[PDB]
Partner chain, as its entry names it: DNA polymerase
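Presented below, as structure tokens, is a lone chain in the form deposited without its partner chain.
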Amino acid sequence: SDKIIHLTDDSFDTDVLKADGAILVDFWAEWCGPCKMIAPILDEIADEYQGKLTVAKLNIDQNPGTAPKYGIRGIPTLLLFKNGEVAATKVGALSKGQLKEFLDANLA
């Protein structure tokens, strides 16, 4: 895909909690049409912000355990982990512009 980490509950700790940078964890599901629809945007963003931001796409169907942990009651969820610190959590799709702005504002 791109600079998109297909995380698992098991890898979550080492990858996200110990993120050597900023990791945007997108919580998605096989049935999540909208998640797929934003995937190109996430890919583009992941490329654009390479070195500043890293992106991940965690499948809750495969990893149910991770959903409760971050109160994933709706997807696509976008949780921005700055070195494991959840800086911001967005729920639902948004425009590339909004996403870029959000990311810029959080990264600062």
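Residue numbers count along the first chain shown, from 1.
Heads up, the form solved in complex with its partner chain isn't pictured, but that's what we're talking about next.
Asks: Using the partner position in the deposited bound form, report whether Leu94 sits within 4.5 Å of its partner chain, counting heavy atoms only.
Replies: Heavy-atom contact with its partner chain at 4.5 Å: present for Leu94.
Asks: Residue-level question: is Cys32 within 4.5 Å of its partner chain in the deposited bound form, judged on heavy atoms?
Replies: Because a heavy atom of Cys32 falls inside 4.5 Å of its partner chain in the deposited bound form, the answer is yes.
Asks: Do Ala67 and its partner chain share at least one heavy atom pair within 4.5 Å in the deposited bound form?
Replies: It does: once its partner chain is placed as it appears in the deposited bound form, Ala67 has a heavy atom within 4.5 Å of it.
Asks: Is there a non-hydrogen atom of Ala56 within 4.5 angstroms of a non-hydrogen atom of its partner chain in the deposited bound form?
Replies: Close contact is absent here: in the deposited bound form, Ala56 is far from its partner chain, nothing within 4.5 Å, heavy atoms only.
Asks: Counting heavy atoms only and using a 4.5 Å cut-off, do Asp43, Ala46 and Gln50 all touch its partner chain in the deposited bound form?
Replies: Not a single listed residue reaches its partner chain in the deposited bound form, so no.
Asks: Does anything in 52-74 come within 4.5 Å of its partner chain in the deposited bound form by heavy atoms, and if so which residues, in order?
Replies: Result: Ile60, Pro64, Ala67, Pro68, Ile72, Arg73, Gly74.
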